[PDB]
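In: need a 3D model of the following:
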Amino acid sequence: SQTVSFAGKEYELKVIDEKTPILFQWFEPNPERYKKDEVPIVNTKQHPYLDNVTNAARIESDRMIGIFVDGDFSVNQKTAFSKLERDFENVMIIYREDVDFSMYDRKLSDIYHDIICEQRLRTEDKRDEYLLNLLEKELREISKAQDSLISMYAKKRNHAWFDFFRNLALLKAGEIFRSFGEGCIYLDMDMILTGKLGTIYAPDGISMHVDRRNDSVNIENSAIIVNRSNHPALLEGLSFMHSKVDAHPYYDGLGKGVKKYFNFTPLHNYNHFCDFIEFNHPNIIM
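Out: Numbering: from 1, shown residues only. Sharing the structure here:
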């Protein structure tokens, strides 16, 4: 029954039901910043991220709470991670290296081939000879061992590391936890639950945090809700991710796919799209 509309098109509100699991993500560039036997996640007074995650699992006793992690953790951190799993019926640790993301990969050569083509499809004298030279040289130097977009991002240790594998986890959604249904409630670790979430609805079963502080309105990737794996709004984002080798900060493939899926163009009403897409919940402090 319940439909909403944006940009002159109607969308079903789809249910994100009460067995949808919650996923948090922590990618750790420096596991040596932690004492012996402690979980290599930040947990200070300023950033009580681990307590927030355990707080959520406590409150949502009948959902699976996931912690999607990566970094060169020691055996000792692996142990402390395993102890965390055992202290909480409904928490599982999901190590990036253990997840098959291969279904979303693309070869670096395929990507260079595209970029290089699009460059050559320009007039005899408005072409970028400098760029084409660097691209063709970068193409030649790819080993067949390392001709994987995914494998290149698994090596990185910065924010692009985090964001790349966040996008892929969102496409896997509930599958990443392979009771739990097929969707996923992706939350930032700084978000604090204060009660149960219950049943959530989203346009075409996707929603995103909109930060409404300082009389400003910004869409943020810090919280994303999906009703199903391989959501098509996220596959649009995968297409953007596949068109670049080293995407620049704030390229935001995720956000670009979602906006493209809903025909949110740079000329449409920003505030209306925020109203329409927003995930807000009385029981989450965002």
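
In: just the strands from the stretch 1-150 of the chain, written as ranges.
Out: In the stretch 1-150 of the chain, the strands defined using DSSP state E, counting those that start in this stretch lie at 3-6, 9-16, 22-27, 65-70, 91-95.

In: show me what contacts the most centrally placed residue in the chain?
Out: Centroid-nearest residue in the chain: residue 166, 2.7 Å away (criterion: CA atoms, centre = their mean). Contacts for residue 166 (CB atoms under 8 Å, 6 or more residues apart in numbering) come out as 25, 186, 221, 254. All C-beta atoms are positioned from the backbone trio N, CA, C, and that covers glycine.

In: ok, back up a step: which one, of the strands of the stretch 1-150 of the chain, ends up nearest to residue 128?
Out: In terms of CB to CB, the element of the strands of the stretch 1-150 of the chain nearest to residue 128 is strand 22-27, at 33.9 Å.

In: beta partners for residue 26?
Out: Residues in a beta bridge with residue 26, per DSSP bridges, are residue 69.

In: which residues are in contact with it?
Out: Counting by CB under 8 Å, 6+ apart, residue 26 touches 41, 42, 49, 67, 68, 69, 189.

In: what about residue 161, how many residues close to it?
Out: 18 (other CB atoms under 10 Å).

In: quick check: next helix or strand after the one helix or strand it maps to?
Out: Using DSSP states H and E, residue 161 falls within helix 159-172. Later in the chain than helix 159-172, the nearest helix or strand by DSSP H and E is strand 184-187.

In: so what are the sheet partners of that following strand and their directions?
Out: strand 22-27 (parallel), strand 218-226 (antiparallel).

In: quick one: it to chain centroid distance?
Out: 9 Å (CA atoms, centre = their mean, to the nearest Å).

In: ditto for stretch 137-146
Out: On CA atoms, centre = their mean, the centre of stretch 137-146 falls 27 Å from the chain's centre.

In: what is the end-to-end distance of it?
Out: 16 Å (CA to CA, to the nearest Å).

In: buried residues, it. List them.
Out: Across stretch 137-146, burial judged by 16 or more other CB atoms under 10 Å covers 139, 142.

In: not counting it itself, show me its contacts.
Out: Counting by CB under 8 Å, 6+ apart, 108, 109, 112, 113, 116, 152, 245 sit against stretch 137-146.

In: redo that, cut-off 10 Å
Out: Stretch 137-146 is contacted from outside by 107-109, 111-113, 115-116, 148, 151-152, 155, 245-246, using CB atoms under 10 Å, 6 or more residues apart in numbering.

In: where's the residue lying closest to residue 268 once chain neighbours are set aside relative to residue 240, distance?
Out: The shortest distance from residue 268 to any non-neighbouring residue, by CB to CB, 6 or more residues apart in numbering, is to residue 7 (5.8 Å). For residue 7, the distance to residue 240 (CB to CB, to the nearest Å) stands at 20 Å.

In: neighbour count winner among those two?
Out: Remark: of residue 7 and residue 240, residue 240 carries more neighbours, 18 against 13, as counted by other CB under 10 Å.

In: how about the helices in the stretch 51-200 of the chain?
Out: Taking DSSP state H, counting those that start in this stretch as the test, the helices found in the stretch 51-200 of the chain are 75-87, 108-120, 129-140, 149-155, 159-172.

In: buried ones in the second one?
Out: Think helix 108-120. Those would be 108, 111, 112, 115, 116, for helix 108-120 by 16+ other CB under 10 Å.

In: same check, this time on the fourth one
Out: Using 16+ other CB under 10 Å as the test for burial, helix 149-155 gives 149, 153.

In: what's the neighbour count on the closest residue to residue 77 other than its chain neighbours?
Out: Setting aside the residues directly before and after it, residue 77 is nearest to residue 40 in space (CB to CB, 6+ apart), at 4.6 Å. Look at residue 40: counted by other CB under 10 Å, it has 23 neighbours.

In: now residue 40: how far from residue 134?
Out: Taking CB to CB, one finds residue 40 at 37 Å from residue 134.

In: returning to that earlier point: most tightly surrounded among the strands of the stretch 1-150 of the chain?
Out: strand 65-70 (a mean of 24; mean count of other CB atoms under 10 Å).

In: now it - C-alpha only, PDB.
Out: The C-alpha coordinates for strand 65-70 follow below in PDB (Å, rounded to 0.1, in the frame of the first residue of the first chain):
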ATOM      1  CA  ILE A  65      25.300  -8.000  15.400                       C
ATOM      2  CA  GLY A  66      28.300  -8.000  13.000                       C
ATOM      3  CA  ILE A  67      31.700  -6.400  13.200                       C
ATOM      4  CA  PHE A  68      33.400  -6.200   9.900                       C
ATOM      5  CA  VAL A  69      37.200  -5.800  10.500                       C
ATOM      6  CA  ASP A  70      40.500  -5.700   8.600                       C
END
